[PDB]
């Protein structure tokens, strides 16, 4: 699920509590809500929280002893095998010296007010065929390390909810086969992290970023043991922070071209806030959502470069004055009172500058039409706003390595600046930026009212399929680079006699029900304003707390 953040604060770093867990899974924003609030009590379970698509297993929740969360792992658990075909053996591929018969199945798509279509799906020992290049006599099969373990993963996410300590919980973490960061906290203040999933034990020499021959010599050896999954229990830092960044030193990322783990990483924004104060309260931990949601992610990366490039320029030089505006700014975007524009113009300045930089550097070094994979600054959006999290663009991460000079560990096989001093290129981009922005907004930087990003709870689910009527779409003025939902669990708080306190927000509301006559449920939209203003509602666990907050009840008698 492309974005997701988490910060877990342990005993050594928590104020007025023994542990604090704050999770912000980013799936995009939908109506009705992407996640589902649910409490389960009996059959060995005693839990509360919320979970995507109402899975049996709560991804975000606690059981009164321990609490858990997730963020997308993005490890490389998928490789593509280039299968060798034969004109003499249609539907076969060469594997371990023999012509092996592909599996195939016929599927018929029934179409409302149209003619049905039938097609075939093919599969090899390495997975389903994605495509076939018949001129090259190759079929590409997608091999997932978690193939065969999909159901076990769903069950691992359910059974983990019964764990009472780290050892029991990691026994279920070892069964979860998708590439997912899992997080743990408990009543005693212990905290932990596991970069869960099945990862292939590849042959020596296998470059996991590119396909390998499917004829047998490059077949995976099997799966790596759980010992190899990156994990930490009670880190000496006292905290665990993640925003889909690398789990651990030397661990390799997904092979997706647009995904990189490099020196420029948005997780640094969470890390600086956690290291800043010796200890954090649950309220301060919750406030990290607001701050990171509004943080421009590029300012910190490129300010030093911009400052150096403009250091000897005159006070009247507009390239310098754009950088002075940026230097004065902390990069936190805030709406003006019109509910449309941002108080400061820095994001616009960075967008234009970075777009110009990338056009001049990474884009110019990559052949068309692949240059268009590295041109985005990451800021360009639509009137409805971002469909997910915002990140530092892939082109920006590459550019960051280049502007770090010999501080970067990445050999610059091609000088992205093409023989020109970097200062010249950075200043040219600033000249472009001043031209573009001063023509649009005038020469008085202090009155520039640049467009803020908005947020939309879309009526189509992430697949692009309607899950509500189009009129059910909801809008919020302020885009916030945060979880679709946010949940926080606090263990052994000094502000209560309860051993655990928990809060969440499931917007627009718990219910998506609309009666036939159009009456929307009483819980159709009661968490929308709360979402917008960084509010939250208590999650109950105990029978006493559920009962005290009881709105309605139903008792059923059923036999299986």
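Each form is matched to the other, and the largest set of C-alpha atoms that superpose within 1.5 Å is called the rigid core. Residue numbers count along the first chain shown, from 1.
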Between 130 to 138 and 370 to 378, which one strays more from this form in 4 other deposited structures of this protein if you match the rigid core and compare Cα atoms? 130 to 138
In 4 other deposited structures of this protein, rigid core aligned: more displaced of 73 to 81 and 87 to 95 by C-alpha RMS: 87 to 95
On average, which has the higher Cα B-factor in the deposited entry, 162 to 170 or 486 to 494? 162 to 170
Look up the CA B-factors in the entry and say which stretch, 210 to 218 or 477 to 485, has the higher mean. 210 to 218
Among 70, 519, 51, 527, the highest C-alpha B-factor in the PDB entry belongs to 519
Out of 340, 266, 231, 105, highest CA B-factor residue: 340
By its CA B factor, does residue 199 count among the lowest, middle or highest third of the modelled residues in the chain? lowest
Within this chain, which third does the Cα B-factor at residue 294 fall in: lowest, middle or highest? lowest
Residue 23: CA temperature factor from the record, placed by chain third, in the lowest
Among modelled residues of the same chain, the CA temperature factor third for residue 81: lowest
Within this chain, which third does the Cα B-factor at residue 274 fall in: lowest, middle or highest? highest
